[PDB]
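Here's query-v8.cif, which has mmCIF, C-alpha atoms:
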```
data_model
#
loop_
_atom_site.label_atom_id
_atom_site.label_comp_id
_atom_site.auth_asym_id
_atom_site.auth_seq_id
_atom_site.Cartn_x
_atom_site.Cartn_y
_atom_site.Cartn_z
CA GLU G 50 -26.61 36.77 -10.01
CA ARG G 51 -27.20 33.09 -9.25
CA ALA G 52 -26.96 32.32 -12.97
CA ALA G 53 -23.19 32.85 -12.98
CA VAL G 54 -23.09 31.26 -9.52
CA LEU G 55 -24.65 28.13 -10.99
CA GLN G 56 -22.49 28.27 -14.12
CA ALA G 57 -19.37 28.16 -11.95
CA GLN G 58 -20.81 25.16 -10.09
CA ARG G 59 -21.62 23.60 -13.46
CA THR G 60 -18.22 24.32 -15.03
CA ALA G 61 -16.15 23.38 -11.98
CA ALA G 62 -17.81 20.04 -11.21
CA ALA G 63 -18.26 19.24 -14.92
CA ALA G 64 -14.50 18.76 -15.07
CA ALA G 65 -14.61 16.62 -11.92
CA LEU G 66 -16.75 14.21 -13.92
CA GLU G 67 -14.19 13.93 -16.72
CA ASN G 68 -11.58 13.34 -14.03
CA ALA G 69 -13.65 10.53 -12.51
CA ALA G 70 -14.60 9.50 -16.05
CA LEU G 71 -11.00 9.28 -17.24
CA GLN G 72 -10.23 7.76 -13.85
CA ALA G 73 -12.70 5.02 -14.75
CA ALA G 74 -11.78 5.20 -18.44
CA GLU G 75 -8.51 3.65 -17.23
CA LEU G 76 -10.43 0.59 -16.01
CA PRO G 77 -11.69 -0.96 -19.29
CA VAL G 78 -8.18 -2.01 -20.35
CA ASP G 79 -7.24 -3.39 -16.92
CA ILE G 80 -7.56 -7.16 -17.30
CA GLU G 81 -7.14 -6.56 -21.03
CA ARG G 82 -3.71 -5.50 -19.77
CA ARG G 83 -3.75 -8.02 -16.91
CA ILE G 84 -4.95 -11.48 -17.87
CA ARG G 85 -4.26 -11.48 -21.61
CA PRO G 86 -0.71 -12.49 -20.60
CA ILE G 87 -2.36 -14.91 -18.15
CA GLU G 88 -4.56 -16.03 -21.06
CA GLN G 89 -1.35 -17.11 -22.80
CA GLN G 90 -0.99 -20.25 -20.69
CA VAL G 91 -4.46 -21.47 -21.75
CA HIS G 92 -3.59 -23.53 -24.82
CA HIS G 93 -0.13 -24.19 -23.37
CA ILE G 94 -0.89 -25.74 -20.00
CA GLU Z 50 -36.24 31.94 -16.73
CA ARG Z 51 -32.73 30.63 -17.45
CA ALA Z 52 -31.57 30.23 -13.84
CA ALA Z 53 -34.49 27.89 -13.13
CA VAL Z 54 -33.55 25.43 -15.89
CA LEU Z 55 -29.93 26.10 -14.95
CA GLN Z 56 -30.71 25.34 -11.31
CA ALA Z 57 -33.02 22.40 -12.00
CA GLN Z 58 -30.51 20.38 -14.01
CA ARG Z 59 -27.87 20.66 -11.27
CA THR Z 60 -30.03 18.70 -8.84
CA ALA Z 61 -31.05 16.21 -11.53
CA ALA Z 62 -27.44 15.49 -12.52
CA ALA Z 63 -26.26 14.91 -8.95
CA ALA Z 64 -29.19 12.53 -8.43
CA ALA Z 65 -28.11 10.15 -11.20
CA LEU Z 66 -24.65 10.14 -9.62
CA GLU Z 67 -26.14 8.32 -6.65
CA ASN Z 68 -28.02 6.20 -9.16
CA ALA Z 69 -24.55 5.48 -10.54
CA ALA Z 70 -23.02 5.30 -7.05
CA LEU Z 71 -24.60 1.91 -6.38
CA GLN Z 72 -23.94 0.98 -10.02
CA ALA Z 73 -20.15 1.36 -9.75
CA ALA Z 74 -20.19 -0.28 -6.30
CA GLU Z 75 -21.14 -3.52 -8.07
CA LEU Z 76 -17.81 -3.96 -9.87
CA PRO Z 77 -15.63 -4.79 -6.81
CA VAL Z 78 -17.98 -7.63 -5.88
CA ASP Z 79 -18.29 -8.48 -9.58
CA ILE Z 80 -14.55 -9.15 -9.41
CA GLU Z 81 -14.44 -11.69 -6.57
CA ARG Z 82 -17.01 -14.24 -7.77
CA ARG Z 83 -15.32 -14.14 -11.19
CA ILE Z 84 -11.88 -14.77 -9.67
CA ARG Z 85 -12.00 -16.29 -6.18
CA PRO Z 86 -13.60 -19.59 -7.38
CA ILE Z 87 -10.84 -19.93 -9.99
CA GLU Z 88 -8.21 -19.85 -7.25
CA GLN Z 89 -8.93 -23.18 -5.54
CA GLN Z 90 -8.83 -24.86 -8.95
CA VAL Z 91 -5.21 -23.99 -9.69
CA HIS Z 92 -4.31 -24.48 -6.01
CA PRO M 230 -30.55 -11.16 13.98
CA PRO M 231 -33.42 -8.73 13.40
CA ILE M 232 -34.77 -7.84 9.98
CA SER M 233 -33.19 -4.70 8.52
CA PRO M 234 -34.94 -3.37 5.39
CA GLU M 235 -32.08 -1.03 4.49
CA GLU M 236 -29.87 -4.03 3.77
CA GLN M 237 -31.81 -4.85 0.61
CA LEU M 238 -31.44 -1.21 -0.43
CA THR M 239 -27.64 -1.16 -0.09
CA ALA M 240 -27.15 -4.82 -0.97
CA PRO M 241 -24.72 -5.19 -3.84
CA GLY M 242 -26.64 -7.71 -5.92
CA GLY M 243 -29.25 -8.43 -8.56
CA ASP M 244 -30.52 -11.00 -11.01
CA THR M 245 -28.18 -12.27 -13.73
CA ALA M 246 -28.14 -14.51 -16.80
CA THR M 247 -26.31 -17.09 -14.63
CA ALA M 248 -26.10 -19.47 -17.60
CA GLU M 249 -22.31 -19.20 -17.71
CA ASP M 250 -22.50 -19.13 -13.90
CA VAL M 251 -23.51 -22.79 -13.99
CA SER M 252 -20.86 -23.67 -16.58
CA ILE M 253 -18.29 -21.66 -14.63
CA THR M 254 -18.88 -24.13 -11.77
CA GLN M 255 -18.57 -27.36 -13.75
CA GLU M 256 -15.23 -26.29 -15.17
CA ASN M 257 -14.59 -25.30 -11.54
CA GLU M 258 -15.79 -28.24 -9.47
CA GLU M 259 -14.37 -30.96 -11.79
CA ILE M 260 -10.76 -29.89 -11.22
CA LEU M 261 -10.73 -30.73 -8.05
CA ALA M 262 -13.27 -33.54 -8.69
CA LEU M 263 -10.85 -35.12 -11.17
CA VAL M 264 -7.93 -34.63 -8.76
CA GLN M 265 -9.96 -36.97 -6.56
CA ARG M 266 -10.80 -39.20 -9.53
CA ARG M 355 -45.57 -30.24 0.74
CA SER M 356 -42.71 -27.80 0.34
CA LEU M 357 -41.42 -25.67 3.18
CA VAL M 358 -43.43 -22.79 1.73
CA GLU M 359 -46.77 -24.54 2.25
CA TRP M 360 -45.85 -24.94 5.91
CA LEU M 361 -45.07 -21.23 6.07
CA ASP M 362 -48.36 -20.64 4.27
CA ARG M 363 -49.82 -22.88 6.97
CA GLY M 364 -47.69 -21.12 9.59
CA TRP M 365 -49.71 -17.93 9.30
CA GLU M 366 -53.03 -19.73 8.77
CA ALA M 367 -52.32 -21.25 12.18
CA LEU M 368 -51.51 -17.93 13.88
CA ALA M 369 -53.68 -15.79 11.59
CA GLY M 370 -57.11 -17.32 11.14
CA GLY M 371 -57.20 -16.02 7.60
CA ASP M 372 -55.28 -16.23 4.36
CA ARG M 373 -54.81 -12.44 4.10
CA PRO M 374 -53.55 -12.28 0.49
CA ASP M 375 -51.49 -9.18 1.35
CA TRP M 376 -49.26 -11.45 3.42
CA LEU M 377 -49.02 -14.20 0.82
CA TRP M 378 -46.82 -12.12 -1.46
CA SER M 379 -44.81 -11.01 1.56
CA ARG M 380 -43.88 -14.66 2.11
CA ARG M 381 -42.66 -14.78 -1.50
CA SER M 382 -39.76 -12.98 -3.15
CA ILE M 383 -39.87 -9.18 -3.11
CA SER M 384 -37.75 -7.05 -5.45
CA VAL M 385 -36.71 -3.74 -3.87
CA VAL M 386 -34.91 -1.32 -6.19
CA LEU M 387 -33.69 1.94 -4.65
CA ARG M 388 -34.13 5.01 -6.84
CA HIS M 389 -33.67 8.76 -6.59
CA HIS M 390 -35.96 11.61 -7.53
CA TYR M 391 -34.44 14.18 -9.88
CA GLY M 392 -36.72 16.89 -8.51
CA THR M 393 -36.16 16.51 -4.76
CA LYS M 394 -32.88 14.53 -4.93
CA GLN M 395 -34.64 12.29 -2.41
CA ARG M 396 -35.40 8.59 -2.65
CA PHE M 397 -38.41 6.60 -3.78
CA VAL M 398 -38.43 2.82 -3.78
CA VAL M 399 -39.60 0.96 -6.88
CA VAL M 400 -40.96 -2.47 -5.94
CA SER M 401 -42.04 -5.43 -8.03
CA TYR M 402 -43.45 -8.44 -6.24
CA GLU M 403 -42.77 -12.03 -7.26
CA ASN M 404 -46.27 -12.81 -8.57
CA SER M 405 -46.89 -9.18 -9.55
CA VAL M 406 -48.23 -8.77 -13.08
CA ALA M 407 -46.74 -5.27 -13.33
CA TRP M 408 -43.18 -4.54 -14.42
CA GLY M 409 -40.44 -6.51 -12.69
CA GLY M 410 -42.84 -9.27 -11.67
CA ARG M 411 -41.96 -12.84 -12.53
CA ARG M 412 -45.39 -13.09 -14.19
CA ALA M 413 -45.56 -10.42 -16.87
CA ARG M 414 -46.93 -10.02 -20.37
CA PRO M 415 -44.65 -9.51 -23.41
CA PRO M 416 -43.46 -7.26 -24.84
CA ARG M 417 -41.56 -5.85 -21.88
CA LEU M 418 -39.72 -2.56 -21.45
CA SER M 419 -36.47 -2.22 -23.39
CA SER M 420 -33.67 0.36 -23.21
CA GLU M 421 -33.25 0.35 -26.99
CA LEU M 422 -34.28 4.00 -27.33
CA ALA M 423 -32.48 5.04 -24.15
CA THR M 424 -29.16 3.18 -24.38
CA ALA M 425 -28.43 4.42 -27.90
CA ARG B 3075 11.58 -41.48 -13.85
CA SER B 3076 12.35 -38.35 -15.87
CA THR B 3077 9.68 -39.30 -18.43
CA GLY B 3078 6.72 -38.90 -16.08
CA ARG B 3079 8.28 -36.62 -13.47
CA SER B 3080 9.43 -33.97 -15.96
CA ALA B 3081 6.03 -34.01 -17.68
CA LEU B 3082 4.74 -33.02 -14.24
CA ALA B 3083 7.06 -30.00 -13.96
CA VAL B 3084 5.44 -28.45 -17.04
CA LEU B 3085 2.18 -28.82 -15.13
CA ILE B 3086 3.69 -28.24 -11.66
CA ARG B 3087 5.15 -24.84 -12.57
CA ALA B 3088 1.86 -23.54 -13.99
CA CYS B 3089 -0.45 -24.76 -11.21
CA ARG B 3090 1.61 -22.80 -8.70
CA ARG B 3091 2.12 -19.58 -10.66
CA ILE B 3092 -1.43 -18.73 -11.78
CA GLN B 3093 -2.14 -18.09 -8.10
CA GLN B 3094 0.27 -15.15 -7.83
CA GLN B 3095 -1.02 -14.13 -11.25
CA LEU B 3096 -4.66 -14.03 -10.10
CA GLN B 3097 -3.94 -12.73 -6.58
CA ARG B 3098 -2.39 -9.60 -8.08
CA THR B 3099 -5.21 -9.13 -10.60
CA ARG B 3100 -7.72 -8.82 -7.76
CA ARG B 3101 -5.69 -6.33 -5.73
CA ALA B 3102 -4.93 -4.71 -9.08
CA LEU B 3103 -8.65 -4.22 -9.76
CA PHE B 3104 -9.77 -3.27 -6.24
CA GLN B 3105 -7.09 -0.57 -6.11
CA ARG B 3106 -8.08 0.55 -9.63
CA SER B 3107 -11.82 0.14 -9.04
CA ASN B 3108 -11.91 1.80 -5.61
CA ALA B 3109 -10.60 4.96 -7.26
CA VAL B 3110 -13.96 5.18 -9.03
CA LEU B 3111 -15.92 5.07 -5.77
CA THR B 3112 -13.48 7.60 -4.31
CA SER B 3113 -13.65 9.87 -7.36
CA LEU B 3114 -17.45 9.72 -7.44
CA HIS B 3115 -17.93 10.97 -3.88
CA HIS B 3116 -15.42 13.74 -4.57
CA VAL B 3117 -17.81 14.89 -7.30
CA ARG B 3118 -20.58 14.88 -4.71
CA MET B 3119 -18.01 16.58 -2.50
CA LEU B 3120 -17.93 19.35 -5.11
CA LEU B 3121 -21.67 19.27 -5.81
CA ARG F 3075 0.11 -47.23 -17.85
CA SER F 3076 -3.61 -46.85 -17.10
CA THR F 3077 -2.76 -45.60 -13.61
CA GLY F 3078 -1.00 -42.43 -14.73
CA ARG F 3079 -2.34 -41.78 -18.23
CA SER F 3080 -5.93 -41.63 -16.96
CA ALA F 3081 -4.76 -39.66 -13.92
CA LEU F 3082 -2.76 -37.44 -16.27
CA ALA F 3083 -5.98 -36.76 -18.20
CA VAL F 3084 -7.08 -35.12 -14.94
CA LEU F 3085 -4.81 -32.08 -15.21
CA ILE F 3086 -4.82 -32.06 -19.04
CA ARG F 3087 -8.51 -31.18 -18.85
CA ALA F 3088 -8.16 -29.33 -15.54
CA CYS F 3089 -5.50 -26.68 -16.12
CA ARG F 3090 -6.53 -25.83 -19.69
CA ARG F 3091 -10.26 -25.42 -18.92
CA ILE F 3092 -9.51 -23.41 -15.79
CA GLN F 3093 -7.79 -20.82 -17.97
CA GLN F 3094 -10.75 -20.91 -20.37
CA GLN F 3095 -12.95 -19.36 -17.68
CA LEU F 3096 -10.78 -16.22 -17.63
CA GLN F 3097 -11.73 -15.44 -21.25
CA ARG F 3098 -15.40 -15.10 -20.31
CA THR F 3099 -14.78 -13.02 -17.18
CA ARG F 3100 -12.73 -10.78 -19.47
CA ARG F 3101 -15.55 -10.72 -22.02
CA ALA F 3102 -18.16 -10.30 -19.31
CA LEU F 3103 -16.95 -7.83 -16.65
CA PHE F 3104 -15.27 -5.35 -19.04
CA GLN F 3105 -18.21 -5.54 -21.38
CA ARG F 3106 -20.38 -4.76 -18.32
CA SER F 3107 -18.06 -2.29 -16.58
CA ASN F 3108 -18.14 0.03 -19.60
CA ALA F 3109 -21.83 0.65 -18.93
CA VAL F 3110 -20.82 2.65 -15.84
CA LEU F 3111 -18.72 4.91 -18.06
CA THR F 3112 -21.68 5.38 -20.41
CA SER F 3113 -23.72 6.64 -17.47
CA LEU F 3114 -21.06 8.98 -16.09
CA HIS F 3115 -20.56 10.75 -19.41
CA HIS F 3116 -24.34 10.72 -19.71
CA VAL F 3117 -24.55 12.37 -16.28
CA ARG F 3118 -22.89 15.39 -17.86
CA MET F 3119 -25.16 14.80 -20.86
CA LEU F 3120 -27.92 15.89 -18.49
CA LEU F 3121 -26.25 19.27 -17.98
#
```
Translate this file's structure into structure tokens.
Amino acid sequence: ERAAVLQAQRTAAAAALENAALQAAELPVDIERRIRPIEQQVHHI
Amino acid sequence: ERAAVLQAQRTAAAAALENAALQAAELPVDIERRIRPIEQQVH
Amino acid sequence: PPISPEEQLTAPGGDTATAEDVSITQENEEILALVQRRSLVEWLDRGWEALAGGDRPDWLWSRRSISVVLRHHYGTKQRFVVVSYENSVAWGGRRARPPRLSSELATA
Amino acid sequence: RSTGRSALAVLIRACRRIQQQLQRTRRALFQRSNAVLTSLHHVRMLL
Amino acid sequence: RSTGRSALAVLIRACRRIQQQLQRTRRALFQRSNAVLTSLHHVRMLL
């Protein structure tokens, strides 16, 4: 009985990771989106 | 015999989350000291 | 301000390479600068020996740096604190024998 | 006059603007980072 | 001439080396922040 009970807990929260993962998989490009335009001015000024 | 292993890993996995909880909490402070000192320069 | 041990547990900080953290400052503080243009420890070690009457080596490391790393136990979900002293020869201690522990197996 | 003073404006414009560039980047990251901390607890909230 | 041109060398080194620091913080934080992601997907790798 608990086996399926635990499988549901597994399956349900296992997606919550990928949510939080792809929530934080949005981070790695942040400044790569942000300061690369700010990094333009380097050799300029 | 399955439910044990099935049960055991649930606790183990949630533990490392709190191992990661402090880990992720580093990045917001990692941001300041890499930015805030740059501000007074340009100022 | 009393001493709270659970600060060091929740403190957001650790050791770092800090090499570029010195060079970050010299390209910082010149910016700026060009716009313009018996240790204490021995006294502590003698602080106890005044109020103690003995060296008590257990205390001597307590006067030094102490590395407190909070961990969690996969079995009980509870916490157990890994500690490495400053002079400790074991892992995490500033005096340690090479080779040291690497994540090479684990990280991959 | 305009030889030295204009060569300042190239520098004057930049030394003001990087501020508003950096100021956003912080609040950009905190708002993007603090979603991680929020999302993590919600996993604990499920578990 | 030596009043300005040596005081102009101030900013010439200042504003360009300021913006050099950003490169490292880009190539430090986001090289480091991706370790958190490795753990999170490894958290499921436990299960």
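Here chain B has been superposed onto chain F using all C-alpha atoms in order, and the two differ by 0.9 Å RMSD.
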With 6 Å of padding per side, what axis-aligned box (centre and edge lengths, Å, one decimal) covers all the listed atoms of range 3094-3108 of chain F? Give it as lines of an AutoDock Vina configuration file.
```
center_x = -15.6
center_y = -10.4
center_z = -19.3
size_x = 21.6
size_y = 32.9
size_z = 17.4
```
message: List as JSON, numbers by chain the protein and nucleic acid residues near range 3087-3097 of chain F, meaning an atom at most 7 Å away when all atoms listed in the file are counted, but skip any in the same chain fewer than 6 places from it.
response: {"G": [88, 91, 92, 94], "Z": [87, 91], "M": [253, 256, 257, 260]}
- request: For chain B, report every residue with an atom at most 6 Å from chain G (counting only C-alpha atoms), formatted as a VMD selection string.
  value: chain B and resid 3110 3113 3117
- prompt: Looking at only C-alpha atoms, which of B:3121, B:3102, B:3111, B:3075 is the one that sits closest to residue 61 in chain Z?
  reply: B:3121
query: Quick one: which residues from chain Z are at most 9 Å off chain G, using only C-alpha atoms, as an MDAnalysis selection string?
result: chainID Z and resid 51:53 55:56 59
- prompt: Contacts of residue 80 in chain Z at 8 Å or less, counting only C-alpha atoms, minus same-chain residues fewer than 2 places along, as a PyMOL selection string?
  reply: (chain Z and resi 76-78+82-84) or (chain B and resi 3100+3103) or (chain F and resi 3103)
Keeping only C-alpha atoms, write the selected residues as a compact mmCIF listing (two decimals), in the coordinates of the input.
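Saved to selection.txt:
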```txt
# COMPACT_ATOMS: atom_id res chain seq x y z
CA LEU Z 76 -17.81 -3.96 -9.87
CA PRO Z 77 -15.63 -4.79 -6.81
CA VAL Z 78 -17.98 -7.63 -5.88
CA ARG Z 82 -17.01 -14.24 -7.77
CA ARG Z 83 -15.32 -14.14 -11.19
CA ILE Z 84 -11.88 -14.77 -9.67
CA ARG B 3100 -7.72 -8.82 -7.76
CA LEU B 3103 -8.65 -4.22 -9.76
CA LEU F 3103 -16.95 -7.83 -16.65
```
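Across the structure, CA of residue 3099 in chain F and CA of residue 3106 in chain B are spaced 16.9 Å apart.
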- request: Figure out the distance between CA of residue 413 in chain M and CA of residue 371 in chain M, please, to one decimal in Å.
  value: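 Pair CA of residue 371 in chain M / CA of residue 413 in chain M returns 27.7 Å.
Here CA of residue 365 in chain M stands at a distance of 9.3 Å from CA of residue 377 in chain M.
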For the contact check between chain Z and chain M, emit one row per residue of chain Z within 8 Å, containing the shortest atom pair and the distance in Å rounded to one decimal, counting all atoms listed in the file, chain then rising number order, as JSON lines.
```
{"residue": "Z:57", "atom": "CA", "partner": "M:392", "partner_atom": "CA", "distance": 7.5}
{"residue": "Z:60", "atom": "CA", "partner": "M:394", "partner_atom": "CA", "distance": 6.4}
{"residue": "Z:61", "atom": "CA", "partner": "M:391", "partner_atom": "CA", "distance": 4.3}
{"residue": "Z:62", "atom": "CA", "partner": "M:391", "partner_atom": "CA", "distance": 7.6}
{"residue": "Z:63", "atom": "CA", "partner": "M:394", "partner_atom": "CA", "distance": 7.8}
{"residue": "Z:64", "atom": "CA", "partner": "M:394", "partner_atom": "CA", "distance": 5.5}
{"residue": "Z:65", "atom": "CA", "partner": "M:389", "partner_atom": "CA", "distance": 7.4}
{"residue": "Z:67", "atom": "CA", "partner": "M:389", "partner_atom": "CA", "distance": 7.5}
{"residue": "Z:68", "atom": "CA", "partner": "M:388", "partner_atom": "CA", "distance": 6.6}
{"residue": "Z:71", "atom": "CA", "partner": "M:241", "partner_atom": "CA", "distance": 7.5}
{"residue": "Z:74", "atom": "CA", "partner": "M:241", "partner_atom": "CA", "distance": 7.1}
{"residue": "Z:75", "atom": "CA", "partner": "M:241", "partner_atom": "CA", "distance": 5.8}
{"residue": "Z:78", "atom": "CA", "partner": "M:241", "partner_atom": "CA", "distance": 7.5}
{"residue": "Z:86", "atom": "CA", "partner": "M:257", "partner_atom": "CA", "distance": 7.1}
{"residue": "Z:87", "atom": "CA", "partner": "M:257", "partner_atom": "CA", "distance": 6.7}
{"residue": "Z:90", "atom": "CA", "partner": "M:260", "partner_atom": "CA", "distance": 5.8}
```
- prompt: Expanded to explicit residues, what is the PyMOL selection byres ((chain F) within 9 of (chain B)) for this file, as a ChimeraX atom specification?
  reply: /F:3078,3082,3085-3086,3089
query: Between F:3112, F:3118, F:3079, F:3105, which one has atoms that come closest to chain M, using all atoms listed in the file?
result: F:3112
Missing atoms in range 3094-3113 of chain F should be modelled up to N, CA and C atoms and reported as a PDB file, keeping the file's coordinate frame.
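Generated output (part_30.pdb):
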```
ATOM      1  N   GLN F3094      -9.690 -21.301 -19.447  1.00  0.00           N
ATOM      2  CA  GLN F3094     -10.750 -20.910 -20.370  1.00  0.00           C
ATOM      3  C   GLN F3094     -11.773 -20.007 -19.707  1.00  0.00           C
ATOM      4  N   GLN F3095     -11.980 -20.178 -18.400  1.00  0.00           N
ATOM      5  CA  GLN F3095     -12.950 -19.360 -17.680  1.00  0.00           C
ATOM      6  C   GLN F3095     -12.566 -17.888 -17.722  1.00  0.00           C
ATOM      7  N   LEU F3096     -11.271 -17.592 -17.609  1.00  0.00           N
ATOM      8  CA  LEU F3096     -10.780 -16.220 -17.630  1.00  0.00           C
ATOM      9  C   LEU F3096     -11.241 -15.453 -18.861  1.00  0.00           C
ATOM     10  N   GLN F3097     -11.276 -16.102 -20.027  1.00  0.00           N
ATOM     11  CA  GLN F3097     -11.730 -15.440 -21.250  1.00  0.00           C
ATOM     12  C   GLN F3097     -13.116 -14.832 -21.066  1.00  0.00           C
ATOM     13  N   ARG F3098     -14.040 -15.588 -20.471  1.00  0.00           N
ATOM     14  CA  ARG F3098     -15.400 -15.100 -20.310  1.00  0.00           C
ATOM     15  C   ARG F3098     -15.465 -13.949 -19.317  1.00  0.00           C
ATOM     16  N   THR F3099     -14.840 -14.112 -18.150  1.00  0.00           N
ATOM     17  CA  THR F3099     -14.780 -13.020 -17.180  1.00  0.00           C
ATOM     18  C   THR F3099     -14.144 -11.772 -17.771  1.00  0.00           C
ATOM     19  N   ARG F3100     -13.187 -11.924 -18.690  1.00  0.00           N
ATOM     20  CA  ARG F3100     -12.730 -10.780 -19.470  1.00  0.00           C
ATOM     21  C   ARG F3100     -13.845 -10.248 -20.355  1.00  0.00           C
ATOM     22  N   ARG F3101     -14.535 -11.142 -21.058  1.00  0.00           N
ATOM     23  CA  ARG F3101     -15.550 -10.720 -22.020  1.00  0.00           C
ATOM     24  C   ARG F3101     -16.904 -10.556 -21.355  1.00  0.00           C
ATOM     25  N   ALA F3102     -16.949 -10.658 -20.030  1.00  0.00           N
ATOM     26  CA  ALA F3102     -18.160 -10.300 -19.310  1.00  0.00           C
ATOM     27  C   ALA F3102     -18.010  -9.005 -18.526  1.00  0.00           C
ATOM     28  N   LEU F3103     -17.139  -8.978 -17.521  1.00  0.00           N
ATOM     29  CA  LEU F3103     -16.950  -7.830 -16.650  1.00  0.00           C
ATOM     30  C   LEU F3103     -16.635  -6.541 -17.409  1.00  0.00           C
ATOM     31  N   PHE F3104     -15.633  -6.544 -18.288  1.00  0.00           N
ATOM     32  CA  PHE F3104     -15.270  -5.350 -19.040  1.00  0.00           C
ATOM     33  C   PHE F3104     -16.229  -5.004 -20.158  1.00  0.00           C
ATOM     34  N   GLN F3105     -17.054  -5.946 -20.601  1.00  0.00           N
ATOM     35  CA  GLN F3105     -18.210  -5.540 -21.380  1.00  0.00           C
ATOM     36  C   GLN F3105     -19.278  -4.894 -20.505  1.00  0.00           C
ATOM     37  N   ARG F3106     -19.426  -5.343 -19.260  1.00  0.00           N
ATOM     38  CA  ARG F3106     -20.380  -4.760 -18.320  1.00  0.00           C
ATOM     39  C   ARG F3106     -19.869  -3.492 -17.664  1.00  0.00           C
ATOM     40  N   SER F3107     -18.582  -3.442 -17.307  1.00  0.00           N
ATOM     41  CA  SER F3107     -18.060  -2.290 -16.580  1.00  0.00           C
ATOM     42  C   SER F3107     -18.105  -1.018 -17.425  1.00  0.00           C
ATOM     43  N   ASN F3108     -18.086  -1.149 -18.752  1.00  0.00           N
ATOM     44  CA  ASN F3108     -18.140   0.030 -19.600  1.00  0.00           C
ATOM     45  C   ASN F3108     -19.511   0.683 -19.613  1.00  0.00           C
ATOM     46  N   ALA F3109     -20.528   0.012 -19.073  1.00  0.00           N
ATOM     47  CA  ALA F3109     -21.830   0.650 -18.930  1.00  0.00           C
ATOM     48  C   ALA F3109     -21.783   1.767 -17.894  1.00  0.00           C
ATOM     49  N   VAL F3110     -20.978   1.598 -16.845  1.00  0.00           N
ATOM     50  CA  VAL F3110     -20.820   2.650 -15.840  1.00  0.00           C
ATOM     51  C   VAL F3110     -20.280   3.917 -16.490  1.00  0.00           C
ATOM     52  N   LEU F3111     -19.255   3.773 -17.333  1.00  0.00           N
ATOM     53  CA  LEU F3111     -18.720   4.910 -18.060  1.00  0.00           C
ATOM     54  C   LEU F3111     -19.775   5.590 -18.919  1.00  0.00           C
ATOM     55  N   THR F3112     -20.611   4.805 -19.602  1.00  0.00           N
ATOM     56  CA  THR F3112     -21.680   5.380 -20.410  1.00  0.00           C
ATOM     57  C   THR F3112     -22.585   6.267 -19.571  1.00  0.00           C
ATOM     58  N   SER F3113     -22.877   5.843 -18.341  1.00  0.00           N
ATOM     59  CA  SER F3113     -23.720   6.640 -17.470  1.00  0.00           C
ATOM     60  C   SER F3113     -23.020   7.927 -17.046  1.00  0.00           C
TER      61      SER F3113
END
```
